[PDB]
Amino acid sequence: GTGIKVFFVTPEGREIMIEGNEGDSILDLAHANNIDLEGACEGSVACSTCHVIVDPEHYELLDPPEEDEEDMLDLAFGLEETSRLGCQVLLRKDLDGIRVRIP
Ligand code: FES
């Protein structure tokens, strides 16, 4: 398929499954579907409002975070081992079925 499944759990504990395309960031999908993941700095790696926690399995599939993301993540509330900036995790076909939780 061209659709890539993304499972979202919101801070309220709601669970949503949506499909994205290659290139779509988790932040885009969030906005596209009224998941309340704010993107203060609009993808410029200058905030932490797009912080999401990805499942461990798909986490290792990802291009690891660059230095600007890592550093910014240190201001993110609720940081975990598999935390990422949602605007920096972009969908690929091998990431199908990825789970993101919004702290
Ligand atoms: S929107 Fe600010 S870092 Fe992703």
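Parameters at a glance
- Residues numbered from 1 in each chain as written, not as in the entry; some residues may be left out.
- Heavy atoms only, no water.
- Pairing = 2+ DSSP bridges.
- Helix = DSSP H or I, 4+ residues; strand = E, 2+ residues; numbered from the N terminus.
- Axes fitted to C-alpha atoms, helices over the stretch in contact; angles between N-to-C directions.
- Buried < 20%, exposed > 50% of the residue type's maximum accessible area, 1.4 Å probe, protein only.
- Contact = heavy atoms within 4.5 Å.
- 1 Å grid on protein atoms, 1.4 Å probe; cavity = no way out; pocket = protein on both sides within 12 Å on 5 of 7 lines; lining within 4 Å.
- Points joined across faces, edges and corners; volume = space filled by probe spheres on them.
- Nonpolar A, V, L, I, M, F, W, Y, C, P; charged D, E, K, R; others polar.
- Core = buried A, V, L, I, M, F, W, Y, C linked by side-chain atoms within 4.5 Å.
- Salt bridge = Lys/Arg side-chain N within 4 Å of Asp/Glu carboxyl O.

Per the deposited record, determination of this structure is attributed to X-ray crystallography, with the resolution reported as 2.60 Å.

The name that the PDB entry assigns to the protein chain is ELECTRON TRANSFER PROTEIN 1, MITOCHONDRIAL, with the source organism given as Schizosaccharomyces pombe.

Draft legend 1. Molecular detail of the sheet that holds strand β4 (residues 83-85). The strand order across the open sheet built from 5 strands is β2-β1-β5-β3-β4, with neighbouring strands paired in mixed fashion. Looking along the sheet, the strands with just one partner apiece sit at the ends: β2 (15-20) and β4. The average undirected angle you get between the axes of adjacent strands in this sheet is 35°. The pairing of strand β3 (residues 51-54) with β4 spans 3 bridges and is antiparallel.

Draft legend 2. Quick peek at the side chain of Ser-25. When you line up the elements, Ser-25 lands in the loop between β2 and α1 (26-32). Assessed through its relative accessible area of 4%, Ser-25 is described here as buried. Beyond its immediate chain neighbours, meaning those up to four positions away, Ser-25 contacts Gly-86, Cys-87, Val-89 and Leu-90.

Draft legend 3. Structural view of the layout of surface pockets. Space inside the largest pocket adds up to approximately 220 Å³. Lining of the largest pocket is provided by 15 residues; of these, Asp-63, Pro-64, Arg-84, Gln-88 and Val-89 occupy positions nearest its centre. A per-class count over the lining of the largest pocket returns 8 nonpolar, 1 polar and 6 charged.

Draft legend 4. Structural detail: the nonpolar core. The biggest cluster of nonpolar side chains holds 25 residues, and the ones touching the most others in it are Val-6, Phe-8, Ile-26, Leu-37, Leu-91 and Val-100. At the level of secondary structure, the elements contributing two or more residues to this core comprise β1 (4-9), α1, β3 and β5 (98-101). Top contributing element to this core by residue count: α1, with 4 residues. Residues in contact with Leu-91, not counting those within four places in the same chain, are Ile-4, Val-6, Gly-20, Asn-21, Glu-22, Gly-23, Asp-24, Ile-26, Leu-29 and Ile-98.

Draft legend 5. Broad picture of the pattern of salt bridges. Tallied over the entire structure, the rule returns 5 salt bridges. A salt bridge links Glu-69 to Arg-84, with the shortest nitrogen-to-oxygen separation between them at 2.7 Å. Taken together, the positions of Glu-69 in helix α3 (residues 67-73) and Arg-84 in strand β4 put the pair 15 residues apart, joining distant regions of the chain. Residue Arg-84 is classed as buried on the basis of its relative accessible area of 3%. As a salt-bridge pair, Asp-94 and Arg-92 come within 2.9 Å of each other at their nearest N and O atoms. Judged by relative accessible area, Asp-94 falls into the partly exposed class, the value being 46%.

Draft legend 6. Spotlight on the environment of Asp-68. Tracing the backbone through its elements, the reader meets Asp-68 in helix α3. Judged by relative accessible area, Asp-68 falls into the partly exposed class, the value being 39%. Residues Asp-68 and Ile-26, spaced 42 residues apart in sequence, show a C-alpha to C-alpha distance of 18 Å.

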